[PDB]
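Here the structure comes first, spelled out in C-alpha cells, and everything after it is commentary.
Just so it is clear, none of the values below were taken in a lab; they were calculated from the coordinates. In this analysis, Cβ positions are derived from the backbone assuming ideal geometry, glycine residues included, and neighbour counts consider all displayed protein chains.
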Amino acid sequence: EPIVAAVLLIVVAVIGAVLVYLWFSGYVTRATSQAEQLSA
Amino acid sequence: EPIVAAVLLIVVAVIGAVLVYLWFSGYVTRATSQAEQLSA
Amino acid sequence: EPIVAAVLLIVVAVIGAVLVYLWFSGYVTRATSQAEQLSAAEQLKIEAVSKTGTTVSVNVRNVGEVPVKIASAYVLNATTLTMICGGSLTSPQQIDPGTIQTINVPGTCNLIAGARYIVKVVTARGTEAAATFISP
Amino acid sequence: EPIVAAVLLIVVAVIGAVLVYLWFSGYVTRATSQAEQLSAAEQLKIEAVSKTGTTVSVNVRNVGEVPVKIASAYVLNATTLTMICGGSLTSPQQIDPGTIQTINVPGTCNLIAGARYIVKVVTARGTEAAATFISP
Amino acid sequence: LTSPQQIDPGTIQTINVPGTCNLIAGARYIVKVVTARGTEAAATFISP
Amino acid sequence: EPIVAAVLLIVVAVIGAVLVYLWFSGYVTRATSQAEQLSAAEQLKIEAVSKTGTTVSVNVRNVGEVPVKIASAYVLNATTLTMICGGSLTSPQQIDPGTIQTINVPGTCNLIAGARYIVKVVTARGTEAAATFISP
Amino acid sequence: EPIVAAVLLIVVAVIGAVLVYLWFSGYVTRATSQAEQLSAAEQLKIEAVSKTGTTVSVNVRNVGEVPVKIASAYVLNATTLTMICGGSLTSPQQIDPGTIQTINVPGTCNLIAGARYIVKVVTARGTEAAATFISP
C-alpha cells in the first residue's frame, strides 16, 4: 500500500525535475546571452 | 476485510500525492520565477 | 431436527457470501480504477506574456498528452499572495496537447510600470502554472 | 456451521487479493514507465541568426539524440520579458538528430538598429533555447 | 456562514469569512474553509 | 434451535464491533493529534556573545513564534566534543517569541585567549543552536 | 452448538496469529539487520603508481576502518572505457585499515610513452578507485 504512494511521489519528483530543467535552460540561455552581449 | 481498508488507504495516499503535486507546482513556479527576476 | 436448521443456515451463509463477493468485486473495481485514473498528472507551462494597454495576454503551452481547460487567471502581488485583478473566465478555453492558446486575464486592472507582478493560470482540474514579468 | 461461512469468506478474500494484484501490476507498470519516459531530457542550441528585411531566420541544431519539433518562435524585449512579435508556426518543423533546420519567426515585426532583442524558440515538448543579437 | 454556499464541479465561487476581524500587516495568518461533509482546505497569506 | 444461538452470537459480535469502533476512534484521534503537534519545528539563533572575567554571557533570539525555555549551556572544545564547563541552569529561562534574553554559562571555567571554543545552548525540547568566538 | 465451533475457530485464529507474529519478528529482524549492515560504506585510494618494464605496480591505501580485499586491476583507455590489460588476480589480497599494499596488474600489456591510461582497482565488495599517470 505504501508502494503506490512511493510511485506517486517518484512521478511527482520526476515532473518537478522536468519543470526545473525547463526553467534552468531558459534562464541560463537568457543570462549567458545577456552577459556575452554586454561584454562588448 | 482488510483489503477494503487497504484500498481506502491507497486512495487517500493518491489524494495526498495529488495535493502535494498542486502545492509543489505552485511553489516551484512562484519561487523559481521570483529568484529568476531577482537575478536581474 | 436441528440438522435441517443447520443446513438452512449454511445455505443462507453461502448466499450471503455470494452477495458480499459480488459487491466486493464491484466496489474494488470502481474505486481502484478511479484511483488509477486520478493518479495521472497534468502539465502546463506559459511561454510568454504581453500587455496591450490595460489587458494582459498570456500564451499557454500544453506539454502534456491530455486536453486541458483554462478556467481562471490572476495577477498576484509580490510576496503577499494577494490578487489585484482576476476571476473566472467567461467561457473555459480548451488547449489541445502539443498546441498553444492565448488567455486574457478577466476584467480590467491598472498596472504600474517596473513593478513585481505574478501572472497565474489554473486548470479546471487544479494544476497551477505561472510566471513573472516587468510591466512596461 | 460457521466454518462453511468462514471458508467462503477466505475464498472471497483470496479472489479479491488476486484482483488487487492484477490491477497493482498493471498500474505500477504503466505509471512507472510513464515516469521513466517523461524523465528523459531534451537539449537544443541555436547556431546563428540572420535578418532579411523584416523577417528573422534562425538556424536550430538538434544536439540531442531524439527528433525535435519546433512549434513557436518569439522576439523578446530586454529585461521586461514582453514579446514584440511571435506566435504559432503555420506547420511544425521536424529536426532530425545531428542535423540543422531553418526557422522563421511568424508574422512581421519591425526592428530598430542597434537595439536589444532576445530570439527564442520552444519545442513541442517544451524545451527552451534562446540567445540575443544586434539588429542591423 | 449565514447560508451554506454550493460550488459546482469544475467551477469557482467566492467565500467571505463571517463577521469582522482586525488584522496586523506583515503578520502570519492561515485561512481555513470546511465543507458540510468535513473536508478541509486552507492556505496562508501576508496581510497587507 | 441453533437459530437463537446464531442471533445471540450476531448481537455479541455487533456489540464488540461497536466497542472496537469506540476505542479505534479515540486512539486514532489521540495518536494522530500527538503526531500532528510533535510535527512542529522549533528555531533558535544566538546573536552575539560576550566574556566578563570567567563568565560567558550569550544572547538568544527566537526567530520562531512559539515560547521557548533555555535549560543548559556548554563550552565545547574544538572537534573533540568534550565539554570544559556547563550543566543545567539553576532555573530555566523563558524567552518570548520575537524577543531576546541573556543566558550565562553555569559554573565558572577558565579560558585561554585566542583559543578555539564552541559555545552551545539547548532548548527544553532538545533543539540545538550555537556559535563560536575568539576568547579575549 | 455453533458456539463450540466459534470457540474452536477463535482458538485456531489465535494460534495462527501467534505463528504470524513469530515469523514476522524473525523476518523483520533478519532483513532489517541485513539492511543495516549493508548500509555501511567502504573507502579506498591509490597513492602512487610505478612502471617496471611492462608491469604496473600500484600502492593501495585503506583509508577506511574495515578490511578490504582487492580483486582486479585494469588499464583503461581514455574516454572509450575499453580495457587493454587486466583480469581477476591470481589470489585476492587483503589490505588492513590504516595500512598499505602493493598490487600488480595481472598479465602483461605494452604501453606507449606519453600516452593516456587509467589504472583502476576494484574491491571484492565492488568499491571502485582509480587514477591516471603518464607512461614513461
When segment C:51-62 is checked residue by residue, the ones that are at the interface with another protein chain (Cβ under 7 Å from one of its Cβ atoms) and buried (at least 21 other Cβ atoms within 10 Å of the Cβ) are C:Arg61
Residue check: is C:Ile70 of a type outside the set (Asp, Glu), in contact (Cβ under 8 Å) with a residue 40 or more places away in the chain, away from every other protein chain (no Cβ under 11 Å) and not in a loop (DSSP other than H, G, I, E, B)? yes
Which listed residue, of F:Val49, F:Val18, F:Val12, F:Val7, is assigned to a strand (DSSP E or B) and of a type in the set (A, V, I, L, M): F:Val49
Log entry, pairs with first residue in segment D:73-87 being more than 7 Å from chain C (Cβ to nearest Cβ), second being charged (D, E, K, R) and part of a strand (DSSP E or B), beta carbons closer than 6 Å, six or more apart or on different chains, reads D:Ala78/D:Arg116
Which listed residue, of E:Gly10, E:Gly26, is loosely packed, with under 10 Cβ neighbours inside 10 Å, within 23 Å of B:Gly26 (Cβ to Cβ) and within 14 Å of chain C (Cβ to nearest Cβ): E:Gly26
Residue list for segment C:90-117, filter: away from chain D (no Cβ under 14 Å) and more than 18 Å from C:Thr132 (Cα to Cα): C:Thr90, C:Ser91, C:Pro92, C:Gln93, C:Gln94, C:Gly107, C:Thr108
Scan (1) more than 14 Å from chain C (Cβ to nearest Cβ); (2) closer than 23 Å to C:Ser88 by Cα for the single condition E:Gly38 breaks and write down its number. (2)
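Residue by residue, here is whether (1) in contact with an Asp or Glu (Cβ under 9 Å, 6 or more places away or on another chain); (2) aliphatic (A, V, I, L, M); (3) in contact (Cβ under 8 Å) with a residue 12 or more places away in the chain; (4) outside any helix (DSSP H, G or I) holds:
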{"residue": "B:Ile3", "(1), (2), (3), (4)": "no, yes, no, no"}
{"residue": "B:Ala6", "(1), (2), (3), (4)": "yes, yes, no, no"}
{"residue": "B:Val12", "(1), (2), (3), (4)": "no, yes, no, no"}
{"residue": "B:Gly16", "(1), (2), (3), (4)": "no, no, no, no"}
{"residue": "B:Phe24", "(1), (2), (3), (4)": "no, no, no, no"}
{"residue": "B:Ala31", "(1), (2), (3), (4)": "no, yes, no, no"}
{"residue": "B:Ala35", "(1), (2), (3), (4)": "no, yes, no, no"}
Here's a check for you: in segment G:78-109, which residue that is outside any loop (DSSP other than H, G, I, E, B) and among the hydrophobic types (A, V, I, L, M, F, W, C) is surrounded by the most Cβ atoms within 10 Å (Cβ to Cβ)? G:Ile103
Could you list, in sequence order, the residues of segment D:98-136 that are out of contact with any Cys (no Cβ under 7 Å at 6 or more places or on another chain) and among the small types (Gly, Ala, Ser)? D:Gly98, D:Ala113, D:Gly114, D:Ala115, D:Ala124, D:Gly126, D:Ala129, D:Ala130, D:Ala131, D:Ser135
C:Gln34 vs (1) at negative phi; (2) within 11 Å of chain D (Cβ to nearest Cβ): all pass except (2)
Please verify whether segment D:32-50 includes one or more residues that are in contact with a helix residue (DSSP H, G or I) (Cβ under 7 Å, 6 or more places away or on another chain) and closer than 30 Å to F:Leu9 by Cα. no
Would you please list the contacts, defined by Cβ atoms under 8 Å and residues six or more apart or on different chains, that run from a residue in segment D:16-40 that is farther than 25 Å from B:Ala5 by Cβ to a residue that is assigned to a loop (DSSP other than H, G, I, E, B)? D:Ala40/D:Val66
In segment F:1-60, what residues are in contact with a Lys or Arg (Cβ under 7 Å, 6 or more places away or on another chain) and either acidic (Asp, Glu) or over 30 Å from F:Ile84 (Cα atoms) (or both)? F:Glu42, F:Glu47
Of the residues that sit in segment D:112-127 and are touching a residue at least 40 places away in the same chain (Cβ under 8 Å) and touching a strand residue (DSSP E or B) at 6+ places or on another chain (Cβ under 7 Å), which one is nearest to C:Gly64 (Cα to Cα)? D:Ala124
